[PDB]
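Step one of this worksheet: look at the structure below.
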RNA sequence: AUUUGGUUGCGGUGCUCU
DNA sequence: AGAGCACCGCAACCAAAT
Ligand SMILES: [Mn+2]
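Chains as they are written, first to last, in PDB author numbering: chain A, 122 to 394; chain B, 1 to 471.
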């Protein structure tokens, strides 16, 4: 309490600066275990095609109203209603379909990055390309500096010995949040997933020990670096996590939501901004 | 669609002070007992001058716990990261004396520890374990001078086999029973505040892991020993004069086939100049009430707060000025009408719903975490740091990064900053430990402790409203 | 169970659809 | 008998905290 110092704090959420604002309904749909003849993969591969089948519809973003649609020229020929986000914002049930379409959207975004989904804990974890070998990914930061982190490493034992026979895959806990009437957030949670020799998960009890032994000495400087590494991996340069659908865009501005707080200072830290 | 970006606005809350001896304010609970002393030291004859301690250990554990309490109550040195223990004698520290009478010592003989191997399944074996642990609490409670305090120095082989028993019971499904929740409930019908003291603490060597340094093992044990034998270690300063803090928390029924969620109450109010008193759950909920969802319905909402005001107009003899209902879950509109129609006899109320969050967590570019007391608002989301780096001690006495306490819901006559100012001073009232602060307030921590023990009460036993029996 | 913080795993509930 | 989101309880192991 001897002096007040202003610091800048960094959250782990990313703002959503642009949202899809037209949900084109598909009210004639062959059920889920047939949908493979969407065909129509666009000349612009930047167009992504999420879809769900709820109540005999084909709720999607791919502009299914006109004739030449990227999604389902056979399943949904022209029948659509063009439901908006603005009329759906007051309905709790229809703001669940939208965020579930966004969850499938970021699942389809993390398909070129080759992050495999566990589909049970909502966990996007790395895996090595070739079995028995380590995966270390090279990434480009926002400021232009290029770095490289191991993400699927098998730790050799410290006393010049055989490896420790658990692979420490590095994982992320992405989730969508509503931060206002129309303000949104994209939350990044760093995590670890531990496998036997790769491609085969550990049990329920050994994972609890091996994640607590690792994430207890990971204090508030080696969690911020993982959050920064995850926004740089989801970025791959061009500092806007973008997604196109055809006249619609989901653009995530990849700057962590900062602030400024005045508090009595901490001796020995002296944060260099 | 250009979405409007959320505004991250922030403020920090000043750390509250606690009233120690001679009404002297200090921040840390550890340092305010060394300099001044416990709060009840001059408050009257409520200070325990002589504490009589009994044991229900075996032969070896009683001797180990006795030499631990004689090499631990006379001052334990600490390093720079652990503040030292002054002592538990009549001239050091808490200014109270421990006295080991040899008449109030029960003993788990070896003919009885092997009698709980004869039953076949895991149900009757655990039931006989709770049976003799209840019987030797009974034999201490029926003496002409019962002890002020009972230390169950349980052997390792009993705790390893019957400490946590899970089985299948036909119509109930997978049932998980705990020894600690089954002997703090059997010690409550005999009115004996107890303390389980395993061999991992009394036999712990210096420079060994999985236990604290002996300074913190002294502090967290003897603060609880000082509160459980009567008297109060510390009371806060910045609190109101008529608030009736309620701490409602929901709990599953005992069994994997019984679907339902009952409640747990915790009154935390102020009685004259004695400071905070912690009452809760004089009754047991009827088996036909339940509640299918996680929340609670409207007749339960009208009965519960009626019994809250009945407890307030029996010890303070006034209607409460404010009723602040902290709760773990959100407020549904079924239970929002019923905590408002039945609070018409109280001027102001504050239906508050907090819960620690999952993914959102603010970080800092330095090496130490963001402080305790921050109030980060991400638009409509409100995040309070009851855990973090503390500016009074200049240390982070935990691991990893602290979780935010998200304010999930609020409705009432108070602001958000006012009730989150009261929540941070209600955080510091965990008399179980001599720590600086925790995550949940004591209203939501005592009522996660009373409903876990209501799952191990045989119906006709009326539970007792003290913080001693549930600690 | 001296103690708190956090991690991991499992399950439950509300709502919508098949 | 499943799918999805949003939100809760509780049981095991860790580590003493830069
Ligand atoms: Mn205790």
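Each residue gets a CB set at the ideal place from its N, CA and C atoms; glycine is no exception.
Report yes if the C-beta of residue i is less than 8 angstroms from at least one heavy atom of ligand 2; otherwise report no.
i	result
residue 349(A)	Because ligand 2 does not appear in the structure shown, any question about it cannot be addressed here, the ligands present being ligand 1.
Along the chain, where does the alpha helix (DSSP H) that runs through residue i open and close?
i	result
residue 393(B)	First-last for residue 393(B): undefined, no H or E at that position.
residue 384(A)	Run containing residue 384(A): none in the alpha helix (DSSP H); it sits in the beta strand (DSSP E), 382-385.
residue 442(B)	442-446
residue 424(B)	416-427
residue 311(A)	Per DSSP, residue 311(A) belongs to no alpha helix (DSSP H); it is in the beta strand (DSSP E), 311-316.
residue 195(B)	Taken as a continuous stretch (DSSP letters only), residue 195(B) belongs to no alpha helix (DSSP H), being part of the beta strand (DSSP E) at 194-196.
residue 450(B)	450-453
residue 219(A)	215-230
residue 334(B)	333-336
Just to confirm, are residue i and residue j a CB contact at a threshold of 9 angstroms?
i	j	result
residue 275(B)	residue 235(B)	yes
residue 155(B)	residue 113(B)	yes
residue 132(A)	residue 362(B)	yes
residue 82(B)	residue 224(B)	no
residue 136(A)	residue 307(A)	yes
residue 352(B)	residue 304(B)	no
residue 407(B)	residue 346(B)	no
residue 146(A)	residue 179(A)	yes
residue 274(A)	residue 250(A)	no
residue 320(B)	residue 269(B)	yes
residue 139(A)	residue 7(B)	no
Checking the sheet assignment: what are the DSSP bridge partners for residue i?
i	result
residue 268(A)	260(A)
residue 325(B)	246(B) and 351(B)
residue 374(B)	12(B)
residue 364(B)	130(A)
residue 273(A)	290(A)
residue 54(B)	150(B)
residue 98(B)	51(B)
residue 144(A)	204(A)
residue 298(A)	306(A)
residue 252(B)	261(B)
residue 93(B)	88(B)
residue 181(A)	145(A) and 172(A)
For residue i, verify whether its CB is less than 8 angstroms away from any heavy atom of ligand 1.
i	result
residue 466(B)	no
residue 438(B)	no
residue 471(B)	yes
residue 231(B)	no
residue 267(B)	no
residue 432(B)	yes
residue 195(B)	yes
residue 224(B)	yes
Since residue i meets chain A, which of its residues come closer than 8 angstroms, beta carbon to beta carbon?
i	result
residue 4(B)	301, 302, 303 and 304
residue 10(B)	130, 380, 381 and 382
residue 369(B)	340 and 341
Please list the partners that residue i has in chain A, where partner means a Cβ-to-Cβ separation under 9 angstroms.
i	result
residue 389(B)	341 and 387
residue 359(B)	133, 134, 294, 295, 296, 298, 308, 309 and 310
residue 394(B)	387, 388 and 389
residue 376(B)	130, 132, 380 and 382
Just to make sure I have the definition right: I need the residues of chain A whose C-beta is within less than 7 angstroms of the C-beta of residue i. Which are they?
i	result
residue 421(B)	Under the 7 angstroms cutoff, chain A gives no residues; its nearest Cβ is about 16 angstroms from residue 421(B).
residue 381(B)	300
List the endpoints of the continuous beta strand (DSSP E) containing residue i.
i	result
residue 267(B)	267-270
residue 406(B)	405-412
residue 381(B)	381-384
residue 219(B)	Careful: residue 219(B) lies outside any beta strand (DSSP E), inside the alpha helix (DSSP H) at 214-228.
residue 308(A)	305-308
residue 284(B)	Taken as a continuous stretch (DSSP letters only), residue 284(B) belongs to no beta strand (DSSP E), as it is neither H nor E.
residue 167(B)	164-168
How would you list, in chain order, the residues of chain B whose beta-carbon sits under 7 angstroms from the beta-carbon of residue i?
i	result
residue 142(A)	1
residue 336(A)	400
residue 137(A)	3
So residue i contacts chain B; which residues on that side make the cut at Cβ distance below 9 angstroms?
i	result
residue 351(A)	Ordered by position in chain B, no residue passes the 9 angstroms Cβ test against residue 351(A), which lies about 12 angstroms from the chain.
residue 394(A)	365
residue 156(A)	Within chain B, no residue comes near residue 156(A); the closest Cβ sits about 28 angstroms away, beyond 9 angstroms.
Check the Cβ of residue i against every Cβ in chain B and list those closer than 8 angstroms, keeping chain order.
i	result
residue 345(A)	363, 364 and 365
residue 348(A)	363
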